[PDB]
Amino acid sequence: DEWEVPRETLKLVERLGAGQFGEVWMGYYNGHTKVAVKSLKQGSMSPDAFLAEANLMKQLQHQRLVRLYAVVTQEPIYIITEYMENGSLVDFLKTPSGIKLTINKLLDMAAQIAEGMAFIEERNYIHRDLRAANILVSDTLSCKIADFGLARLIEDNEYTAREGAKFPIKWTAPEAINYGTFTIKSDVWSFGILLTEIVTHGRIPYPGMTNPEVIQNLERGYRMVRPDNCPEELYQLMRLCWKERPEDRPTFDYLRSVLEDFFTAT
């Protein structure tokens, strides 16, 4: 309730993004500070379900993660957060400004995302929706993890999603697709796919392959074909995130540590 602010301190300016559950507008809080304001599409989700995402953000604060600012608990409900001037990493990499980024800056950002994921890891949470579209970029070209709508605290060894839940096959770990089971090692797999999105400047994973073809090739033991122009060192780091047995995948602090080493070396 202490995160509450009167609706009048906010003035929306333009839509940033939208979703099944509402939209995200850019705005100003008390005139001088730019903020992102997420709104709920009355009917889509229950108010609690919506605000659940903000209560989770109250427990997870870090520079590498999109910061909760305020909430408006009266209809229409708002979740106010930190504004990231350059939008989604997936879209930005395709802009004139992003096409220009060298492999050295691409490695820096990958390491920045792993550092955010390392904190999520140490705090016993999972994101479950790790992909370039859910990484936001600031005006100083730093990255922050966003969209904690699927994030969950893990107390007992894993998290199992409800029976009807569907997930982005190209981005989701085999165990999560097959049995709905998620752990931080599932996010590690997603991160490896996220890395392919970085090096290709926003391209769809598994170029030319449909979802069923991806599933089949993964079951045979194949993994994503080496992305074009991808350093072999990074590709082999990508493969570690794609180990069949979840426990064989590395931790995020190891991922971050190796990526920083690739960054310093380039």
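Each residue number is its position in the shown sequence, starting from 1. If you superpose the two forms and keep the largest set of C-alpha atoms that fall within 1.5 Å, you have the rigid core.
Stretch 154-162 is the one, of 154-162 and 101-109, whose CA positions lie farther from the shown form in 8 other deposited structures of this protein once all structures are superposed by the rigid core. Between 236-244 and 36-44, the larger root mean square Cα shift in 8 other deposited structures of this protein, once each structure is superposed on the rigid core, falls on 36-44.
Stretch comparison (14-22 versus 238-246) by mean CA B-factor in the PDB entry places 14-22 on top.
Annotation for 128-136 versus 151-159: the higher mean temperature factor (C-alpha) is found in 151-159. Within the selection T33, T210, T200, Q42, the deposited Cα B-factor values reach their highest point at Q42. Remark: of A70, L65, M224, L51, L51 shows the highest value [criterion: C-alpha B-factor in the PDB entry].
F182 sits in the middle third of its chain by CA B factor, as recorded in the PDB entry.
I77 sits in the highest third of its chain by CA B factor, as recorded in the PDB entry.
The deposited CA B-factor of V90 belongs to the middle third of values across its chain. When all modelled residues of the chain are sorted by CA temperature factor, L259 is found within the lowest third. Among all modelled residues in its chain, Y83 ranks in the middle third by Cα B-factor.
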